[PDB]
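K.L.:
Handing you a structure now.
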Amino acid sequence: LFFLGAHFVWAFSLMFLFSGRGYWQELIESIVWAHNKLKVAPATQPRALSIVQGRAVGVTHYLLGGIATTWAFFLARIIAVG
Amino acid sequence: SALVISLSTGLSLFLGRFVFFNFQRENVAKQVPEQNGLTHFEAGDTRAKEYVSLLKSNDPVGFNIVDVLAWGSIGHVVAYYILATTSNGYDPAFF
Amino acid sequence: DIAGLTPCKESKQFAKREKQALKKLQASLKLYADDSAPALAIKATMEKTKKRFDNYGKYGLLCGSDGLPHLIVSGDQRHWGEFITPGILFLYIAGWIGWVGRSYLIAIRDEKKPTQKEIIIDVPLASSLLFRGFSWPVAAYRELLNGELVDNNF
Amino acid sequence: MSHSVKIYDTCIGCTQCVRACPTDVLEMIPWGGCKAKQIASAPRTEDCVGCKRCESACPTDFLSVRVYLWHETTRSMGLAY
Amino acid sequence: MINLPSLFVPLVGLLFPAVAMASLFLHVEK
Amino acid sequence: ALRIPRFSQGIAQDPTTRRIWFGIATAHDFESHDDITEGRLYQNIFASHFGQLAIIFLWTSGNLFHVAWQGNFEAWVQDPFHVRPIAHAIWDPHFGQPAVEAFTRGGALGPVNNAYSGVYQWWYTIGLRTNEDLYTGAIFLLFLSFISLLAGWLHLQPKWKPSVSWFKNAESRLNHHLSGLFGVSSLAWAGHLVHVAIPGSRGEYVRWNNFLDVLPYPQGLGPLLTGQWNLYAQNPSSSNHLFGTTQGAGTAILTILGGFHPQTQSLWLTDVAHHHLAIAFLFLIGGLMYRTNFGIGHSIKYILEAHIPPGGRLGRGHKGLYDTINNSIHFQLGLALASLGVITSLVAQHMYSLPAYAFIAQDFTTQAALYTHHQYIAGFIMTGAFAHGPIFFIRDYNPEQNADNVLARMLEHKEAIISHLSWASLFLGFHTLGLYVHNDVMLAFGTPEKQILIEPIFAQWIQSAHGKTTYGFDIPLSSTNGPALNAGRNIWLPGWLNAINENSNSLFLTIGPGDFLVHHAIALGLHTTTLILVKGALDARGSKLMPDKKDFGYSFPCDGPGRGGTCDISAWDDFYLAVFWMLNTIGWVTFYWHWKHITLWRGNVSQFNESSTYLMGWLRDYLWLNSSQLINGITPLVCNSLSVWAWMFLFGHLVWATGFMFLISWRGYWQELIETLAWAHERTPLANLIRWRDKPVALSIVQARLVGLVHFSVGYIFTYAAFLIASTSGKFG
Amino acid sequence: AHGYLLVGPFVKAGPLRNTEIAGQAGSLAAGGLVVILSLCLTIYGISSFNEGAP
Ligand code: CLA
Ligand code: CLA
Ligand code: CLA
Ligand code: CLA
Ligand SMILES: CC1=C(/C=C/C(C)=C\C=C/C(C)=C/C=C/C=C(C)/C=C/C=C(C)/C=C/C2=C(C)CCCC2(C)C)C(C)(C)CCC1
Ligand SMILES: CC1=C(C/C=C(\C)CCC[C@H](C)CCC[C@@H](C)CCCC(C)C)C(=O)c2ccccc2C1=O
Ligand code: SF4
Ligand code: SF4
Ligand code: SF4
């Protein structure tokens, strides 16, 4: 029941690892627009991730993803036969 | 049941509305002018549409449907025949 | 009734699910609490999923094959409150999340400079604003369409 | 184009504003006043590489600047060598 | 003669490539 | 420092490799590289894709010519039972003997892979029987596919106009096409099936010699021209057929009528032809809709014009969509792509459930590696469709020329457009993901009950309207009869479009809670995939973070750091980003069929039904069940029948993985150590003097977003390629 | 010198190795490599032409 999540979290990292940055900006405004119509956004200028933060949220996830995957894969083949 | 020749009667209702103008007035296709060679230039790119030319035939050639459609389809059509047929002709009714 | 086979009143396939499974989780012949005071499969965890019973409620409830329930939610027969009953509920609760979203917000921008009030939060949850949300009768549902947020504010 | 990334702005004043960039920019041309009145997007640019260190600081107030020449030297590359 | 149709894999998959990897080193020069 | 391969100068110079890599991968982008004039360009794409059609026939020729010295028909017609009919003979020197294991297939000596490609059922599928009758294949197609080159040149050469202006009409063309082409292209087909093929299907044979002597009939075409028409359809077939031999085969061309067949599925031979005929009026009646300088009919502006259903009193223009789409050539190549894209799947999702083919589906490997090469592609299009309609916006497109005017207005009121798109996804997001973890938290919690599944009406309901037949309903005002349809009945829908419920091969399979999710997760695909393509497109012209972002609109990938920090914010790098979800939809979708089908074939159905529901055990069985077989073709104790596939399947996992470099590497790190690694030679003996013609470099900053991809893709698409086949082949299904 | 190399490399490590044939021990394929090698070598002497007899 972990082995699916965290075998998910990993396959979420690539999004953070593989992508632009003024992209989620360019997107974050379409958002910010819809937001202003109802009067619900501006204050605390919502901003995309800090080029290298984006890399910080790669990696870190790619690891706690790709890793606990086996932490699961393991404890599941020594408990019970072996 | 199915009036099959209800509608093939029907479609050469309209394309005899095609037998049209090749015959009468002038040389044919009202020209070519535009087609080979090409347009002024034009260049929107471009014309010609008139909402007004539905007149001329709609009354004249209203008949054409009939001509096969009537007496010629379900006719025994071109019964009034004979006219050189040793190799053979007839053509004898499938009706 | 609508295709997945019918309710509790009979769903054999469903019955077989009741039984094996749990009843076997039972089928550890014992493992021993003959007095013993702790270990709780024994009592409920079964019985709390188990004194689920020819009763469940009753609930209708469709039970496809393998007798797991399917939810139609049509407006028919038995099934209406498998979406609407807990549907308007979802709506009502949300929207009184964001009616106050569009509130401990449209209350500042104002006075002497308000540039990040927002990260500390006087009063928390707005609260004051909060109850506005249950005390919406109608609320946005006409005021959003007229005046205040108004087409001009549009 | 062969180096064409617009950093222009309007003040083109360069005090506590921007200088950074390997050679490329001599500016201080003036144009017949703007307050500080040193203007233009550039000096002659066939010399150095492709930074956007070019803004990073002192306004461009439309586009940032960036890679784009395409038409690319070696000296303008860094590597030939 | 008996059993011998093996030339349209080197002429192609081997020698044709030789031609072009040579030849097309026209991209460098000619 | 030489001057070198030309069109560019910009390119023609840098020593650094970029000169080659790039050399190849402009070739195709004609507009606005050195050569180009609106007269050059056009023609320079015209005698290009006359170099097209051309290469499609050197493909087709050999498709028919690695058949008929070897690899059966004259055994596959004799009567063809799901064993292993052949394309071609493998010949590799690397092979072991263990080659003797198929890598050779009953009858033929050569080891071959045999055909998954659709044809064998279509070359046969109409007539074309006979193993002494055929080597024809290339002979024609090729004595065709060279003519395909001849105009190429002929129309190349100025004398006989290649013709510039000529390329902008429409009306004339498309007034020609959707009659001349399609219409008579049908018709003529309607022709062929009927004189030469249907006779082969019931058939006894046509013999090469006689066209006149062969008649369908005894008293001949018969009035027909005379309309009765009707009575073709009396006693056309007789269902218990012995197909291709009579005995009850019967001869009145054409039908609605009789059978789904236990012998054949598919589509009664006649009907694929009255249809091919039937439509061939409408397009011919359609063709002849616009001008050609005679003075009848219609001009393409002035129906768009001041035309317009809404407003008319609204305040939105129509004016010149026609010279902005005509003048664009990208608008062109992107309403082209899509239509094709939308219909490439309509092809491929109808081709199943409704295969046209003797002995297919229930051949049922080749039915499952042919739904997808038409799902891949088709998805693969769509993207490019959406991608040439964000090039129109930058290279072409004319804000003053367009304005107030409905295509504009699309830019103008755009911030909404991506939002009411992104609102669909985010909703379609967490809500599919609540339902599937919850569905997997429950289980293995060991309450399966207290699973949440919707048995999902909306489809089942469609398919009452049609039917049948599963257990009734009336459905108030149908009622399972009484109100029957009444206006309609015995004519039209007959026995046909009545498989009903029919596990084996129904058309319609009986949908439940497993299908109320994938079906919401294919829907979260083309939505997300398109919020990024819609967006990608909308501001290729660009936004706030870039106002400018133009005159290279498309691929300018990257920008300097600062501002907020700016990156894959070219409409190409959103296209670049798009292609991952077109590789994720076109995966959920294909994934879906197969598991379903698979299970359907020695089939429990049940199994998908409980095992569509939740995410784990989408691995466990499917994905985990049924790799089974392939993974040992290697298996240590020697090699079993499929080895190509599993080695491909790991070739699959490498090409993929090795994407990532390109993708988590970013030219900076690579270039710099090549700066140290090009101090080697320059410094180290017996390696020296010795000059590159091209300076060492590390790949440009757009290039590798591609290459990882165009790498991510093969791996991925070469793995399922090898996966499904390597598992729908043993089976069990 | 580079010549009689490339023997035990492809006559003792050959594809199905330790040969019983008259050929290898062998010229064989290796003689084929000096040909591929030697012209892969020439179309590099199209980097310099610079052409004379002195
Ligand atoms: C039916 C086709 C159709 C047509 C007529 C065109 C025509 C054009 N496209 Mg195009 N395109 C299409 C479909 C089409 N496209 C689709 C479906 C996509 C994505 C789904 C694209 C994505 C695309 C991009 C990004 C661009 C174009 C561009 C162009 C223009 C230049 C072509 C070029 O750069 O190729 C030259 C390419 C080569 C000579 C080869 C390099 C290509 C690589 C990536 C190989 C692809 C994968 C390959 C099969 C894997 C290797 C095989 C493996 C077995 C080893 C030209 C107008 C360019 C343009 O002008 O826009 C401004 C460019 O931006 N297209
Ligand atoms: C990128 C991909 C590409 C590739 C490689 C293929 C490959 C294939 N497709 Mg295909 N397809 C594609 C894109 C592709 N397709 C697209 C984009 C579409 C949507 C339009 C389709 C729609 C499609 C259909 C509907 C089918 C296929 C089928 C096939 C298979 C049959 C072999 C064949 O096509 O011979 C090609 C043959 C020719 C090019 C020659 C025939 C063309 C005739 C109609 C020409 C008529 C001209 C005539 C002479 C005019 C007469 C005038 C006068 C006599 C009156 C083959 C696997 C078939 C299949 O199911 O296999 C089982 C079939 O079902 N495809
Ligand atoms: C498996 C995947 C992973 C996940 C979860 C996502 C999720 C998403 N991608 Mg994405 N992506 C991925 C991999 C992933 N991607 C990869 C590998 C690529 C290519 C390299 C992309 C390329 C891509 C593009 C181009 C776009 C997206 C977009 C999106 C969003 C679309 C909206 C949606 O689907 O519903 C919403 C999200 C979900 C259903 C995921 C779960 C999110 C919630 C439920 C988090 C759970 C809360 C949790 C309990 C709290 C834990 C946090 C912490 C406190 C411990 C969504 C957030 C688009 C977007 O921005 O939409 C506006 C679009 O921009 N992706
Ligand atoms: C499976 C993977 C793929 C491959 C093949 C490589 C390979 C390499 N990476 Mg790498 N990398 C990858 C994915 C991959 N990476 C990914 C996904 C990431 C990040 C997500 C990285 C991040 C990374 C970094 C930071 C570095 C590397 C480096 C390297 C190089 C290490 C030196 C070496 O042993 O190479 C040679 C050996 C191989 C590539 C493996 C063997 C290949 C086999 C199949 C033989 C094929 C050869 C044969 C003659 C083919 C010709 C046949 C013909 C038909 C073409 C090597 C080129 C480093 C480097 O350059 O140091 C020297 C550097 O440190 N990588
Ligand atoms: C079912 C049904 C039916 C019908 C149907 C129809 C008729 C339809 C639909 C639907 C549709 C009809 C759809 C469509 C789609 C399309 C698409 C999806 C396209 C796309 C694309 C795009 C959108 C593009 C865009 C662009 C851009 C991006 C920019 C500019 C340029 C261009 C334009 C390129 C019938 C009859 C049987 C009846 C019953 C029901
Ligand atoms: C997806 C993606 C984004 C978009 C990701 C974003 C915007 C994540 C930030 C989302 C925050 C964490 C949401 C915070 C909102 C809540 C904390 C506020 C309400 C508080 C609660 C009680 C819910 C980038 O910004 C990016 C930047 C650089 C390289 C790659 C990427 C990248 O791949
Ligand atoms: S950076 Fe901009 S503002 Fe500063 S001097 Fe240059 S042009 Fe002026
Ligand atoms: S980085 Fe940009 S601004 Fe700076 S010198 Fe180079 S080109 Fe000029
Ligand atoms: S490579 Fe990095 S630093 Fe350079 S432009 Fe792109 S994102 Fe910015």
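Following Swiss-Prot, chain A residues are numbered 677-758, in order.
This entry, so its header tells us, was determined using X-ray crystallography, 3.3 Å.
Every residue gets a Cβ built from N, Cα and C, even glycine.
Sharing the record's features from Swiss-Prot:
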- A:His683: chlorophyll a' binding site (BINDING)
- A:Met691, A:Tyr699: chlorophyll a binding site (BINDING)
- A:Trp700: phylloquinone binding site (BINDING)
- A:732-753: transmembrane segment (TRANSMEM)
K.L.:
Could you state the CA-to-CA distance between A:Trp700 (phylloquinone binding site) and A:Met691 (chlorophyll a binding site) to the nearest Å?
P.N.:
11
K.L.:
How many other Cβ atoms sit within 10 Å of the Cβ of the residue listed as 'phylloquinone binding site'?
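P.N.:
I get 20 for this one.
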K.L.:
Using DSSP and three states only, what is A:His683 (chlorophyll a' binding site)?
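P.N.:
In the DSSP reduction, A:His683 (chlorophyll a' binding site) maps to coil.
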K.L.:
Can you tell me the CA-to-CA distance separating A:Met691 (chlorophyll a binding site) and A:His683 (chlorophyll a' binding site), as a whole number of Å?
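P.N.:
That separation, Cα to Cα, works out to 14 Å.
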K.L.:
If one measures from the C-alpha of A:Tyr699 (chlorophyll a binding site) to the C-alpha of A:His683 (chlorophyll a' binding site), what distance in angstrom results, rounded to a whole number?
P.N.:
26
K.L.:
Please report the number of other Cβ atoms within 10 Å of the Cβ of A:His683 (chlorophyll a' binding site).
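P.N.:
So the Cβ neighbour count for A:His683 (chlorophyll a' binding site) comes to 19.
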K.L.:
Least buried of the binding-site residues A:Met691, A:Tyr699, going by other Cβ atoms within 10 Å?
P.N.:
A:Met691
K.L.:
According to DSSP, folded down to helix, strand and coil, what is A:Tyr699 (chlorophyll a binding site)?
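P.N.:
In the DSSP reduction, A:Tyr699 (chlorophyll a binding site) maps to helix.
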